[PDB]
file my_file-v6.txt (compact mmCIF, C-alpha atoms and all ligand atoms)
# COMPACT_ATOMS: atom_id res chain seq x y z
CA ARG A 15 29.54 89.52 -6.26
CA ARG A 16 31.90 92.50 -6.50
CA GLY A 17 34.23 93.26 -9.39
CA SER A 18 37.64 94.92 -9.19
CA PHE A 19 38.22 93.54 -12.71
CA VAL A 20 35.04 95.16 -14.11
CA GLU A 21 36.88 97.03 -16.87
CA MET A 22 37.97 93.71 -18.41
CA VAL A 23 34.41 92.37 -18.58
CA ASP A 24 32.97 92.19 -22.10
CA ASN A 25 36.36 92.91 -23.67
CA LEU A 26 35.88 90.14 -26.26
CA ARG A 27 33.86 90.30 -29.48
CA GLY A 28 33.08 87.97 -32.36
CA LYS A 29 31.53 87.97 -35.84
CA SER A 30 29.05 85.11 -35.40
CA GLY A 31 31.17 82.05 -34.71
CA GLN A 32 34.30 83.26 -36.52
CA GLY A 33 36.60 83.64 -33.51
CA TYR A 34 36.74 85.61 -30.26
CA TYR A 35 39.04 88.64 -30.33
CA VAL A 36 40.40 91.30 -27.97
CA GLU A 37 41.78 94.74 -28.82
CA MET A 38 45.56 95.12 -28.54
CA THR A 39 47.56 98.27 -29.20
CA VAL A 40 51.07 98.02 -30.57
CA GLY A 41 53.84 100.46 -31.37
CA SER A 42 54.35 104.19 -30.98
CA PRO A 43 52.32 106.11 -31.82
CA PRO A 44 49.44 103.66 -31.02
CA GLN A 45 48.19 101.10 -33.55
CA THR A 46 45.16 99.18 -32.28
CA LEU A 47 44.16 95.86 -33.87
CA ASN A 48 41.59 93.10 -33.19
CA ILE A 49 43.46 89.97 -32.01
CA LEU A 50 42.08 86.42 -31.85
CA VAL A 51 42.51 84.78 -28.43
CA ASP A 52 44.13 81.37 -28.99
CA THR A 53 45.06 79.03 -26.15
CA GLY A 54 46.03 76.44 -28.78
CA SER A 55 49.26 78.11 -29.98
CA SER A 56 52.05 80.30 -28.59
CA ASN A 57 52.94 82.99 -31.13
CA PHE A 58 51.71 86.59 -31.06
CA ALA A 59 51.30 87.65 -34.70
CA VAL A 60 49.52 90.41 -36.61
CA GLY A 61 48.68 91.08 -40.24
CA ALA A 62 51.25 93.60 -41.45
CA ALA A 63 50.35 94.02 -45.13
CA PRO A 64 47.08 94.52 -47.03
CA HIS A 65 44.80 91.50 -47.48
CA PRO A 66 41.24 91.17 -48.90
CA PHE A 67 39.87 90.03 -45.52
CA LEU A 68 41.68 92.67 -43.43
CA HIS A 69 40.25 96.11 -42.64
CA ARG A 70 43.54 97.24 -41.09
CA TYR A 71 47.08 96.04 -40.40
CA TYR A 72 50.32 96.72 -38.50
CA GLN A 73 52.55 99.37 -40.14
CA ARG A 74 56.04 98.87 -38.71
CA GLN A 75 57.59 101.88 -40.44
CA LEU A 76 55.24 104.15 -38.46
CA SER A 77 56.29 102.70 -35.08
CA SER A 78 59.41 104.36 -33.66
CA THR A 79 59.70 101.66 -30.98
CA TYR A 80 59.70 98.72 -33.40
CA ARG A 81 62.85 96.56 -33.39
CA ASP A 82 63.49 94.07 -36.19
CA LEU A 83 64.83 90.73 -34.91
CA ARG A 84 66.25 89.93 -38.38
CA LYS A 85 64.69 86.47 -38.51
CA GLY A 86 61.68 84.98 -40.25
CA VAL A 87 58.93 82.81 -38.80
CA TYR A 88 56.44 80.35 -40.31
CA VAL A 89 53.48 78.96 -38.35
CA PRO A 90 51.21 76.16 -39.65
CA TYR A 91 48.00 75.36 -37.76
CA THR A 92 45.41 72.60 -38.11
CA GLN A 93 43.65 75.19 -40.27
CA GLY A 94 45.73 77.69 -42.23
CA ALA A 95 49.29 79.00 -42.03
CA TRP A 96 51.22 82.26 -42.32
CA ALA A 97 54.72 83.59 -42.90
CA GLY A 98 56.15 86.67 -41.26
CA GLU A 99 59.09 88.57 -39.83
CA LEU A 100 60.04 88.61 -36.15
CA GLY A 101 60.53 91.77 -34.13
CA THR A 102 59.59 93.36 -30.82
CA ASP A 103 57.52 96.41 -29.96
CA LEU A 104 55.54 97.92 -27.09
CA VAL A 105 52.18 96.25 -26.50
CA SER A 106 49.20 97.09 -24.31
CA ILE A 107 45.66 95.73 -24.03
CA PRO A 108 43.26 98.74 -23.65
CA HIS A 109 40.56 96.71 -21.95
CA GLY A 110 43.03 94.36 -20.26
CA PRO A 111 45.77 94.86 -17.61
CA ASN A 112 46.99 98.40 -16.95
CA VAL A 113 50.55 97.74 -18.15
CA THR A 114 52.72 98.04 -21.26
CA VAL A 115 55.36 95.47 -22.17
CA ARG A 116 57.91 94.88 -24.90
CA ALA A 117 56.92 91.64 -26.57
CA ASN A 118 57.91 89.51 -29.52
CA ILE A 119 55.63 90.16 -32.47
CA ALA A 120 55.49 88.38 -35.80
CA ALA A 121 54.52 90.67 -38.67
CA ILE A 122 52.41 88.53 -41.04
CA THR A 123 53.22 89.41 -44.66
CA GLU A 124 51.74 86.36 -46.38
CA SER A 125 49.14 83.76 -45.41
CA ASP A 126 47.04 80.84 -46.64
CA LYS A 127 43.53 80.09 -45.37
CA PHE A 128 44.30 81.83 -42.08
CA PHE A 129 42.38 85.10 -42.06
CA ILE A 130 38.60 84.66 -42.22
CA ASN A 131 36.38 86.88 -44.37
CA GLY A 132 34.11 88.97 -42.14
CA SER A 133 35.64 87.81 -38.84
CA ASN A 134 36.88 91.32 -38.02
CA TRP A 135 40.16 90.15 -36.44
CA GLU A 136 43.60 90.92 -37.89
CA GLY A 137 45.99 88.93 -35.71
CA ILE A 138 46.32 86.13 -33.17
CA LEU A 139 47.43 85.89 -29.53
CA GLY A 140 49.02 82.52 -28.80
CA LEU A 141 48.50 81.98 -25.08
CA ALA A 142 50.10 78.53 -24.73
CA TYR A 143 53.66 77.77 -23.55
CA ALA A 144 57.10 78.36 -25.08
CA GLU A 145 57.64 74.67 -25.82
CA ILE A 146 55.40 74.91 -28.89
CA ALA A 147 56.42 78.41 -30.03
CA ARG A 148 57.94 78.85 -33.50
CA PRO A 149 60.75 78.95 -34.58
CA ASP A 150 61.64 77.38 -31.21
CA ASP A 151 61.12 77.63 -27.45
CA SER A 152 63.55 80.55 -27.16
CA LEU A 153 60.93 82.92 -28.62
CA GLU A 154 59.24 84.08 -25.43
CA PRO A 155 55.42 84.03 -25.70
CA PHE A 156 53.40 87.18 -24.91
CA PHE A 157 52.05 86.00 -21.55
CA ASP A 158 55.53 84.94 -20.41
CA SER A 159 56.73 88.48 -21.20
CA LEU A 160 53.76 90.01 -19.39
CA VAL A 161 54.50 88.02 -16.22
CA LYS A 162 58.26 88.57 -16.35
CA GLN A 163 58.03 92.35 -16.93
CA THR A 164 55.12 93.22 -14.63
CA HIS A 165 53.47 92.17 -11.39
CA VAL A 166 50.32 90.88 -13.13
CA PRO A 167 49.57 87.45 -11.58
CA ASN A 168 50.38 84.44 -13.76
CA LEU A 169 46.77 83.60 -14.60
CA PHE A 170 44.01 84.48 -17.06
CA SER A 171 40.43 83.33 -17.52
CA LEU A 172 38.04 83.14 -20.46
CA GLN A 173 34.27 83.39 -20.76
CA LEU A 174 33.31 82.80 -24.40
CA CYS A 175 29.65 83.62 -25.04
CA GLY A 176 28.21 81.93 -28.11
CA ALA A 177 24.98 82.37 -30.06
CA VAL A 190 29.01 87.32 -29.98
CA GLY A 191 31.16 88.42 -27.06
CA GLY A 192 32.76 87.41 -23.80
CA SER A 193 35.50 88.30 -21.33
CA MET A 194 39.22 87.68 -20.92
CA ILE A 195 40.17 88.51 -17.34
CA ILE A 196 43.94 88.93 -17.09
CA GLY A 197 45.61 88.49 -13.73
CA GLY A 198 42.55 87.16 -11.93
CA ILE A 199 38.99 85.86 -11.85
CA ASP A 200 35.66 87.73 -11.98
CA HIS A 201 32.80 86.18 -10.00
CA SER A 202 30.03 87.74 -12.13
CA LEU A 203 31.12 85.53 -15.03
CA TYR A 204 30.06 82.23 -13.45
CA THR A 205 27.71 80.48 -11.03
CA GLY A 206 28.40 77.53 -8.76
CA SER A 207 31.89 76.32 -7.87
CA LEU A 208 35.09 76.18 -9.89
CA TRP A 209 36.49 72.67 -10.36
CA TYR A 210 40.17 72.21 -11.21
CA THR A 211 42.01 69.69 -13.37
CA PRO A 212 45.82 69.52 -13.51
CA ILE A 213 47.79 70.88 -16.44
CA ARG A 214 49.65 67.65 -17.18
CA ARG A 215 52.52 69.30 -19.05
CA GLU A 216 53.31 72.89 -20.02
CA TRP A 217 53.29 73.01 -23.83
CA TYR A 218 49.65 72.99 -24.96
CA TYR A 219 47.19 73.32 -22.08
CA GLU A 220 47.12 69.53 -21.69
CA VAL A 221 44.59 67.78 -19.47
CA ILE A 222 43.38 64.22 -18.83
CA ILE A 223 39.86 62.97 -19.64
CA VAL A 224 38.94 59.89 -17.60
CA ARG A 225 35.36 59.13 -18.65
CA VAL A 226 32.80 60.13 -21.27
CA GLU A 227 29.01 59.82 -21.08
CA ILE A 228 26.17 60.52 -23.51
CA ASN A 229 22.94 61.27 -21.65
CA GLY A 230 24.33 59.63 -18.52
CA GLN A 231 25.43 56.58 -20.51
CA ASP A 232 29.10 55.61 -20.25
CA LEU A 233 30.71 55.29 -23.69
CA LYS A 234 32.72 52.47 -22.07
CA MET A 235 36.04 52.98 -23.85
CA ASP A 236 39.47 52.51 -22.28
CA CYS A 237 40.29 56.00 -21.01
CA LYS A 238 43.65 55.83 -22.80
CA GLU A 239 41.68 56.24 -26.06
CA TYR A 240 40.23 59.58 -24.90
CA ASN A 241 43.73 61.05 -24.52
CA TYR A 242 45.54 59.02 -27.18
CA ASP A 243 48.39 61.32 -28.06
CA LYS A 244 46.91 64.14 -25.93
CA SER A 245 43.85 66.15 -24.79
CA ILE A 246 43.99 69.96 -24.79
CA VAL A 247 41.92 73.10 -24.16
CA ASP A 248 41.98 75.25 -27.31
CA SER A 249 40.08 78.54 -27.74
CA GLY A 250 41.39 78.86 -31.30
CA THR A 251 39.63 75.67 -32.47
CA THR A 252 35.87 75.77 -33.10
CA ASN A 253 34.88 72.12 -32.54
CA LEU A 254 35.13 69.40 -29.95
CA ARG A 255 37.58 67.18 -31.83
CA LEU A 256 37.94 63.52 -30.88
CA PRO A 257 40.33 60.70 -31.87
CA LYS A 258 38.87 58.51 -34.65
CA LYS A 259 37.80 55.56 -32.47
CA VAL A 260 36.24 57.89 -29.89
CA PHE A 261 34.45 60.00 -32.51
CA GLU A 262 32.85 56.92 -34.07
CA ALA A 263 31.60 55.58 -30.73
CA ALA A 264 30.36 59.02 -29.69
CA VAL A 265 28.35 59.51 -32.90
CA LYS A 266 26.81 56.03 -32.63
CA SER A 267 25.66 56.81 -29.09
CA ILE A 268 24.46 60.33 -29.93
CA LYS A 269 22.47 59.00 -32.91
CA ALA A 270 20.87 56.29 -30.77
CA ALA A 271 19.96 58.93 -28.17
CA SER A 272 18.37 61.26 -30.74
CA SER A 273 16.35 58.59 -32.57
CA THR A 274 13.11 60.63 -32.42
CA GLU A 275 14.27 62.17 -35.71
CA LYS A 276 16.68 60.73 -38.27
CA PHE A 277 19.40 62.69 -40.04
CA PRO A 278 21.55 61.93 -43.09
CA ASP A 279 24.96 60.38 -42.38
CA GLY A 280 26.67 63.50 -43.72
CA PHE A 281 25.14 65.58 -40.93
CA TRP A 282 27.18 63.75 -38.28
CA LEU A 283 30.26 64.28 -40.46
CA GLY A 284 29.64 68.03 -40.74
CA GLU A 285 29.13 67.72 -44.50
CA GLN A 286 25.39 68.43 -44.32
CA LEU A 287 23.39 71.03 -42.42
CA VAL A 288 19.83 70.81 -41.07
CA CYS A 289 17.65 73.91 -40.68
CA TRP A 290 14.53 74.49 -38.57
CA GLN A 291 11.80 77.13 -38.67
CA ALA A 292 13.04 80.05 -36.56
CA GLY A 293 12.56 79.20 -32.88
CA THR A 294 11.40 75.61 -33.41
CA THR A 295 14.70 73.76 -32.95
CA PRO A 296 13.88 70.65 -30.86
CA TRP A 297 16.90 70.82 -28.54
CA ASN A 298 15.12 68.32 -26.26
CA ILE A 299 15.62 65.44 -28.73
CA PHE A 300 19.43 65.78 -28.60
CA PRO A 301 21.45 64.33 -25.68
CA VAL A 302 23.81 66.09 -23.28
CA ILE A 303 27.51 65.18 -23.32
CA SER A 304 29.67 64.80 -20.22
CA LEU A 305 33.46 64.74 -20.05
CA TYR A 306 35.03 63.65 -16.76
CA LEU A 307 38.38 65.26 -15.96
CA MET A 308 41.10 64.25 -13.47
CA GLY A 309 40.77 66.19 -10.22
CA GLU A 310 43.31 67.67 -7.81
CA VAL A 311 43.03 64.87 -5.22
CA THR A 312 43.95 61.19 -5.63
CA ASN A 313 41.17 59.11 -7.25
CA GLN A 314 38.90 62.17 -7.49
CA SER A 315 37.37 63.55 -10.71
CA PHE A 316 34.60 65.91 -11.77
CA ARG A 317 32.53 66.30 -14.93
CA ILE A 318 31.57 69.08 -17.31
CA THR A 319 28.34 68.66 -19.29
CA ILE A 320 27.41 70.48 -22.48
CA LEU A 321 24.11 70.88 -24.28
CA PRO A 322 23.18 70.48 -27.94
CA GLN A 323 23.08 74.28 -28.02
CA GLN A 324 26.88 74.04 -27.68
CA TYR A 325 27.68 71.24 -30.15
CA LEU A 326 25.11 72.25 -32.77
CA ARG A 327 26.40 75.55 -34.15
CA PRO A 328 24.46 78.22 -36.11
CA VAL A 329 25.58 78.90 -39.68
CA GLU A 330 25.60 82.54 -40.84
CA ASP A 331 21.94 83.14 -41.74
CA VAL A 332 21.16 83.58 -45.45
CA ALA A 333 19.80 87.11 -44.85
CA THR A 334 17.68 87.50 -41.71
CA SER A 335 15.53 84.57 -42.86
CA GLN A 336 13.08 82.48 -40.84
CA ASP A 337 15.30 79.38 -40.92
CA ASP A 338 17.91 78.38 -38.35
CA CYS A 339 20.57 76.19 -39.96
CA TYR A 340 22.98 74.18 -37.80
CA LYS A 341 26.20 72.20 -38.20
CA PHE A 342 27.16 69.28 -35.95
CA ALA A 343 30.37 70.62 -34.38
CA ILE A 344 31.96 67.43 -33.04
CA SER A 345 34.56 66.12 -35.47
CA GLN A 346 37.50 63.76 -35.78
CA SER A 347 41.17 64.35 -35.09
CA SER A 348 44.38 62.36 -35.50
CA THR A 349 46.32 64.47 -32.98
CA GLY A 350 44.29 63.84 -29.83
CA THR A 351 41.25 65.42 -28.22
CA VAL A 352 40.75 69.14 -28.75
CA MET A 353 38.29 70.83 -26.41
CA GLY A 354 37.54 73.88 -28.53
CA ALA A 355 34.87 76.58 -28.42
CA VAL A 356 32.11 73.93 -28.41
CA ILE A 357 33.32 72.99 -24.94
CA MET A 358 34.49 76.41 -23.68
CA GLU A 359 31.29 78.32 -24.54
CA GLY A 360 29.34 76.56 -21.81
CA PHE A 361 31.81 77.57 -19.10
CA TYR A 362 34.07 80.13 -17.46
CA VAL A 363 37.54 78.62 -17.89
CA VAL A 364 40.41 79.59 -15.59
CA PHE A 365 43.95 79.06 -16.90
CA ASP A 366 45.78 79.06 -13.56
CA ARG A 367 49.35 78.86 -14.86
CA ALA A 368 50.76 79.72 -11.42
CA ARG A 369 49.27 76.56 -9.91
CA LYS A 370 49.47 74.44 -13.08
CA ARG A 371 45.73 73.80 -13.27
CA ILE A 372 42.64 74.70 -15.27
CA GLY A 373 39.34 75.49 -13.59
CA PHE A 374 35.82 75.09 -14.98
CA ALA A 375 32.55 76.63 -13.75
CA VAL A 376 29.11 77.09 -15.33
CA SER A 377 29.19 80.27 -17.43
CA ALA A 378 26.86 83.16 -16.64
CA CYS A 379 26.27 83.49 -20.41
CA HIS A 380 26.14 79.92 -21.76
CA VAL A 381 23.24 79.29 -24.16
CA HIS A 382 20.55 76.95 -22.84
CA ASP A 383 16.77 76.45 -22.54
CA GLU A 384 14.11 76.11 -19.82
CA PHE A 385 14.67 72.36 -19.37
CA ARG A 386 18.43 71.76 -19.26
CA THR A 387 21.60 73.68 -18.43
CA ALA A 388 25.33 73.16 -18.87
CA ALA A 389 26.89 71.85 -15.66
CA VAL A 390 30.09 71.22 -13.74
CA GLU A 391 29.58 68.61 -11.04
CA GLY A 392 31.66 66.60 -8.61
CA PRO A 393 33.34 64.94 -6.96
CA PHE A 394 33.31 61.39 -8.33
CA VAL A 395 35.49 58.40 -7.51
CA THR A 396 37.64 57.30 -10.46
CA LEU A 397 40.51 54.87 -9.94
CA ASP A 398 43.71 54.52 -12.00
CA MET A 399 43.36 57.93 -13.69
CA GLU A 400 47.13 58.31 -14.05
CA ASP A 401 47.22 55.44 -16.55
CA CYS A 402 44.81 57.33 -18.86
CA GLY A 403 47.61 59.59 -20.10
CA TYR A 404 49.70 58.87 -23.18
CA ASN A 405 53.47 58.42 -22.80
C1 LIG B 501 38.87 81.29 -35.57
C2 LIG B 501 37.86 80.09 -35.60
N1 LIG B 501 38.60 78.85 -35.79
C3 LIG B 501 38.37 77.89 -36.73
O1 LIG B 501 37.48 78.02 -37.56
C4 LIG B 501 39.25 76.70 -36.64
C5 LIG B 501 40.60 76.83 -36.28
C6 LIG B 501 41.45 75.72 -36.14
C7 LIG B 501 42.85 75.87 -35.75
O2 LIG B 501 43.74 75.21 -36.30
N2 LIG B 501 43.09 76.75 -34.75
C8 LIG B 501 44.44 77.23 -34.44
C9 LIG B 501 44.53 78.79 -34.51
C10 LIG B 501 43.80 79.43 -35.69
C11 LIG B 501 42.94 80.52 -35.41
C12 LIG B 501 42.29 81.21 -36.48
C13 LIG B 501 42.51 80.80 -37.80
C14 LIG B 501 43.35 79.71 -38.09
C15 LIG B 501 43.99 79.02 -37.04
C16 LIG B 501 44.80 76.65 -33.09
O3 LIG B 501 46.05 77.18 -32.64
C17 LIG B 501 45.10 75.14 -33.27
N3 LIG B 501 45.61 74.54 -32.01
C18 LIG B 501 46.14 73.21 -32.38
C19 LIG B 501 46.39 72.39 -31.20
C20 LIG B 501 45.19 72.11 -32.07
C21 LIG B 501 40.95 74.42 -36.37
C22 LIG B 501 39.59 74.23 -36.75
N4 LIG B 501 39.11 72.91 -36.84
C23 LIG B 501 39.96 71.86 -37.47
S1 LIG B 501 37.57 72.48 -36.49
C24 LIG B 501 36.60 72.73 -37.99
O4 LIG B 501 37.57 71.07 -36.17
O5 LIG B 501 37.05 73.38 -35.52
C25 LIG B 501 38.76 75.40 -36.90
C26 LIG B 501 36.99 80.01 -34.39
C27 LIG B 501 35.60 80.17 -34.53
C28 LIG B 501 34.75 80.16 -33.41
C29 LIG B 501 35.26 80.02 -32.12
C30 LIG B 501 36.66 79.82 -31.96
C31 LIG B 501 37.51 79.79 -33.08
call {"tool": "encode", "arguments": {"input": "my_file-v6.txt", "output": "structure tokens", "more": "lines below"}}
Ligand SMILES: C[C@@H](NC(=O)c1cc(C(=O)N[C@@H](Cc2ccccc2)[C@H](O)CNC2CC2)cc(N(C)S(C)(=O)=O)c1)c1ccccc1
result
Amino acid sequence: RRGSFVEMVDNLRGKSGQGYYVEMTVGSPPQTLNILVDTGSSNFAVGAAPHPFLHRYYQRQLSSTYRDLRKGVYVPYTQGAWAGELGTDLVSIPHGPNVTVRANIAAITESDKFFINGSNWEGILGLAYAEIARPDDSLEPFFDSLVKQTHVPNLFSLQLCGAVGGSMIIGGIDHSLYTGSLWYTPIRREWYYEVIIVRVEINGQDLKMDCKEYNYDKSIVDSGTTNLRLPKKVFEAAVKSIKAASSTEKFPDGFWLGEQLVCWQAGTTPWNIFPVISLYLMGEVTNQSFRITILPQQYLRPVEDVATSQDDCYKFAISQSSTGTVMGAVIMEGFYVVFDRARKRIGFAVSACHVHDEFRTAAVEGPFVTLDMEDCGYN
């Protein structure tokens, strides 16, 4: 009910589905930039040279506290890549914790399909662990520096509100950002925020696949990835079930592949014809699990309107992956997600801002009895 972390509420913004960003100030004197919050990587990097899609960038020569590490860095993502130069400088988050730390910072001088036109962000904050940092795990990630240099608790939480804003509470949890209880799943290993999915249902119907398939390779929580990405075999079965569940209206095959869009007269989108999707996650007690359920409002994403027209176009945001399951924004937008690094667990609760209608709502329910969950993980 109360809120000691009130100043961190609503500290995230977004340019209509182009990424959620927080303001970060680097150097001396102060240089504030919009930084994308990414739990799917571990490097803190900022544009440091002009670029057509950047309104501003980091000017190292103007920062008296900047220290060049004399080493380059290259970071390739599922989408895009950039090259830069490593260094360290003072960093603070205006609408985040009341501290200032010296952190590693990669100055991006060149990039390919990384920055997004009109997104309004100029850098990225990799919140994952050192194991996946580039060039190697010796480059301490921003959050590791924050925790080592200050007394800020080793935990952060994200409330991503879709359609653009949200909140990144650093060092704690804010109760006004969620309703109901928080359910926790173990962080299986500290590299990506890896978790274990034990069951999948479409409108209450079990997909009936060996749970090993759901985590083949791995399953992670990634705020830097837009879609809910599933391994090939899982994607195919999911689409077949979703199509069967939404048979009231037929769509072209390309729609389910994200190649085609479907638009409806403003305010006439028949959400009711689309099914809800439930992912069951391993719990904190033996043989116990819980489930998170999303609505079509989460997996059917709006596409930048033509020009304030009377047509709402949507893209099916569930796609395939060859590197495991990626629970991106499609999943996160329906919940308040707690990255409890201190206790190696991730909590989920219904978000106070998730988009829904008068008939159905996103949900987090439990507990359920699921046996042999340990075997679901890939070795
Ligand atoms: C920013 C934007 N992301 C995107 O548009 C977007 C970004 C990525 C992507 O590679 N994200 C990067 C960081 C990263 C961040 C910004 C730019 C480049 C790379 C992230 O570290 C990857 N984590 C890897 C472990 C999976 C991947 C995809 N997909 C493949 S998809 C189409 O299936 O969703 C889309 C977005 C939009 C709305 C909500 C959240 C994110």
call {"tool": "axis_aligned_box", "arguments": {"input": "my_file-v6.txt", "around": "ligand LIG 501 (chain B)", "padding_each_side": "3 Å", "output": "lines of an AutoDock Vina configuration file"}}
result
center_x = 40.6
center_y = 76.2
center_z = -34.6
size_x = 17.6
size_y = 16.2
size_z = 12.9
call {"tool": "closest_atom_pairs", "arguments": {"input": "my_file-v6.txt", "of": "chain A", "to": "ligand LIG 501 (chain B)", "cutoff": "8 Å", "atoms": "all atoms listed in the file", "output": "tab-separated table"}}
result
residue	atom	partner	partner_atom	distance
A:30	CA	B:LIG501	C28	7.8
A:31	CA	B:LIG501	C28	4.3
A:32	CA	B:LIG501	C27	3.9
A:33	CA	B:LIG501	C27	3.8
A:34	CA	B:LIG501	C30	6.0
A:50	CA	B:LIG501	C11	6.9
A:52	CA	B:LIG501	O3	5.9
A:53	CA	B:LIG501	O3	6.8
A:54	CA	B:LIG501	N3	3.8
A:55	CA	B:LIG501	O3	4.3
A:56	CA	B:LIG501	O3	7.9
A:91	CA	B:LIG501	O2	4.5
A:92	CA	B:LIG501	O2	3.6
A:93	CA	B:LIG501	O2	4.0
A:94	CA	B:LIG501	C14	5.2
A:95	CA	B:LIG501	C14	7.2
A:127	CA	B:LIG501	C14	7.3
A:128	CA	B:LIG501	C14	4.6
A:129	CA	B:LIG501	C13	6.1
A:130	CA	B:LIG501	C13	7.1
A:133	CA	B:LIG501	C1	8.0
A:138	CA	B:LIG501	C11	6.9
A:140	CA	B:LIG501	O3	7.2
A:218	CA	B:LIG501	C19	7.1
A:246	CA	B:LIG501	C19	7.3
A:248	CA	B:LIG501	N3	6.0
A:249	CA	B:LIG501	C30	5.6
A:250	CA	B:LIG501	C31	4.4
A:251	CA	B:LIG501	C6	4.1
A:252	CA	B:LIG501	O5	3.6
A:253	CA	B:LIG501	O5	3.9
A:254	CA	B:LIG501	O4	6.9
A:255	CA	B:LIG501	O4	5.8
A:343	CA	B:LIG501	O5	7.3
A:344	CA	B:LIG501	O4	7.4
A:345	CA	B:LIG501	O4	5.8
A:346	CA	B:LIG501	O4	7.3
A:347	CA	B:LIG501	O4	7.7
A:349	CA	B:LIG501	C20	7.8
A:352	CA	B:LIG501	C20	6.3
A:354	CA	B:LIG501	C30	6.9
A:355	CA	B:LIG501	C29	5.1
A:356	CA	B:LIG501	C29	7.8
call {"tool": "closest_atom_pairs", "arguments": {"input": "my_file-v6.txt", "of": "segment 121-205 of chain A", "to": "segment 360-384 of chain A", "cutoff": "6 Å", "atoms": "only C-alpha atoms", "output": "CSV"}}
result
residue,atom,partner,partner_atom,distance
A:168,CA,A:368,CA,5.3
A:169,CA,A:366,CA,4.8
A:170,CA,A:365,CA,5.4
A:171,CA,A:364,CA,4.2
A:172,CA,A:363,CA,5.2
A:173,CA,A:362,CA,4.6
A:175,CA,A:379,CA,5.7
A:203,CA,A:378,CA,5.1
A:204,CA,A:377,CA,4.5
A:205,CA,A:376,CA,5.7
call {"tool": "atom_distance", "arguments": {"input": "my_file-v6.txt", "atom1": "atom CA of residue 192 of chain A", "atom2": "atom CA of residue 40 of chain A"}}
result
22.2 Å
call {"tool": "atom_distance", "arguments": {"input": "my_file-v6.txt", "atom1": "atom CA of residue 229 of chain A", "atom2": "atom CA of residue 290 of chain A"}}
result
23.1 Å
call {"tool": "closest_residue", "arguments": {"input": "my_file-v6.txt", "among": "A:358, A:20, A:237, A:174", "to": "residue 222 of chain A", "atoms": "only C-alpha atoms"}}
result
A:237
call {"tool": "atom_distance", "arguments": {"input": "my_file-v6.txt", "atom1": "atom CA of residue 316 of chain A", "atom2": "atom CA of residue 201 of chain A"}}
result
20.4 Å
call {"tool": "closest_residue", "arguments": {"input": "my_file-v6.txt", "among": "A:100, A:119, A:51, A:299", "to": "residue 141 of chain A", "atoms": "all atoms listed in the file"}}
result
A:51
call {"tool": "closest_residue", "arguments": {"input": "my_file-v6.txt", "among": "A:111, A:176, A:137, A:132", "to": "residue 47 of chain A", "atoms": "all atoms listed in the file"}}
result
A:137
call {"tool": "residues_around", "arguments": {"input": "my_file-v6.txt", "residues": "residue 118 of chain A", "least_positions_apart": "5", "cutoff": "10 Å", "atoms": "all atoms listed in the file", "output": "ChimeraX atom specification"}}
result
/A:57-59,81-83,100-105,153-156,159
call {"tool": "write_last_selection", "arguments": {"input": "my_file-v6.txt", "atoms": "C-alpha atoms", "output": "tab-separated table (two decimals), keeping the file's coordinate frame"}}
result
chain	number	residue	atom	x	y	z
A	57	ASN	CA	52.94	82.99	-31.13
A	58	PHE	CA	51.71	86.59	-31.06
A	59	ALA	CA	51.30	87.65	-34.70
A	81	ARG	CA	62.85	96.56	-33.39
A	82	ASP	CA	63.49	94.07	-36.19
A	83	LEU	CA	64.83	90.73	-34.91
A	100	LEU	CA	60.04	88.61	-36.15
A	101	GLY	CA	60.53	91.77	-34.13
A	102	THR	CA	59.59	93.36	-30.82
A	103	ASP	CA	57.52	96.41	-29.96
A	104	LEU	CA	55.54	97.92	-27.09
A	105	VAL	CA	52.18	96.25	-26.50
A	153	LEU	CA	60.93	82.92	-28.62
A	154	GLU	CA	59.24	84.08	-25.43
A	155	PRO	CA	55.42	84.03	-25.70
A	156	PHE	CA	53.40	87.18	-24.91
A	159	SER	CA	56.73	88.48	-21.20
call {"tool": "closest_residue", "arguments": {"input": "my_file-v6.txt", "among": "A:84, A:75, A:263, A:312", "to": "residue 236 of chain A", "atoms": "all atoms listed in the file"}}
result
A:263
call {"tool": "residues_around", "arguments": {"input": "my_file-v6.txt", "residues": "residue 109 of chain A", "least_positions_apart": "3", "cutoff": "10 Å", "atoms": "all atoms listed in the file", "output": "ChimeraX atom specification"}}
result
/A:20-26,36-38,106,112,193-196
call {"tool": "closest_residue", "arguments": {"input": "my_file-v6.txt", "among": "A:165, A:386, A:266, A:85", "to": "residue 322 of chain A", "atoms": "only C-alpha atoms"}}
result
A:386
call {"tool": "residues_around", "arguments": {"input": "my_file-v6.txt", "residues": "residue 43 of chain A", "least_positions_apart": "4", "cutoff": "8 Å", "atoms": "only C-alpha atoms", "output": "number ranges by chain"}}
result
A: 76-78
call {"tool": "residues_around", "arguments": {"input": "my_file-v6.txt", "residues": "residue 396 of chain A", "least_positions_apart": "6", "cutoff": "7 Å", "atoms": "all atoms listed in the file", "output": "ChimeraX atom specification"}}
result
/A:313-315
call {"tool": "closest_residue", "arguments": {"input": "my_file-v6.txt", "among": "A:332, A:199, A:339, A:395", "to": "residue 288 of chain A", "atoms": "all atoms listed in the file"}}
result
A:339
